[PDB]
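Taking the form deposited in one PDB entry, here's one chain by itself in structure tokens.
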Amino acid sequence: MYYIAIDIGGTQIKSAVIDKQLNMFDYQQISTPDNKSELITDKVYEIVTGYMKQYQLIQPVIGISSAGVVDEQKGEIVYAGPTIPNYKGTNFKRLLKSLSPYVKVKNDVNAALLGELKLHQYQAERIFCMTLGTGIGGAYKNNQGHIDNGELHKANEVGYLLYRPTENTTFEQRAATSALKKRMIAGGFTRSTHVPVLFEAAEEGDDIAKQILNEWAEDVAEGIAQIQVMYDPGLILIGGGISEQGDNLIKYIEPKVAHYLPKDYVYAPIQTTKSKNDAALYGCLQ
């Protein structure tokens, strides 16, 4: 009993102690260090030792969910995009090799998917999870219940989909939070800089907010269409902080998916994840 879980993303580092029965205690959310004067490895070390002293844990099982391409066996970040500077090469097993030899590392979306499936039951046999946020990532659980990470650990890096040579942009470069916030300013949305306010303003009938959301949702849908064509999944789950919007998110994306598929093509239902925040923390220990 008493596992330590840490979920690292470009915006926040989340942590908690989880028991054998899936009960979460001592949740701790902090703004991600810049990885320049403040180090993610130092913050991760501090979180582990804090939980160790707090609960007198000897060689505890530590689970690590992280953005970036993850080599599970190595416990290492083999490639990272630009969101987290100087991240490539980060090895968590070596970092904590004095506190515990029991360290697991997974990609953020694999963790989110395993977590969501640990907490909620679905009829669908094939489930693809796509998270929207700082970055766009993916994970697929097949009919035999297996998640394939790829020959080089980079399966489902869906942010790399749909490179437009004339715009020099990937899916991620048009649909991640930093891109949407730039689209809000370009769209004429001066009201706020926060995505929830954009959603709120659109619910109130602000035409401006709606045009930004619909155009952005057009690109999200295009990416989902490619995922659908390839996997033919029973269910597509949308994860990430924006998952909080629920049906107010689905209503903008879901209908648009049909624009990139043939008229009689049946695609999977598109839904937000039921677990809106702690999914990856449970997933990294699975």
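Note that residue numbering follows the sequence shown and begins at 1. What we label the rigid core is the largest C-alpha set whose atoms superpose within 1.5 Å from one form to the other.
Missing here is the form deposited in another entry; even so, the following discussion is about that form.
Summarising the superposition on the core between the shown form and the other one, the listed residues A209, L96, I127, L114 contain exactly one with a Cα shift of 2 Å or larger, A209. The Cα position of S178 differs by 2 Å or more between the shown form and the other one after fitting on the rigid core.
Once both forms are overlaid on the rigid core, the distance between the two CA positions of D71 between the shown form and the other one is under 2 angstroms.
After superposing the rigid core, the Cα of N143 is displaced by less than 2 Å between the shown form and the other one.
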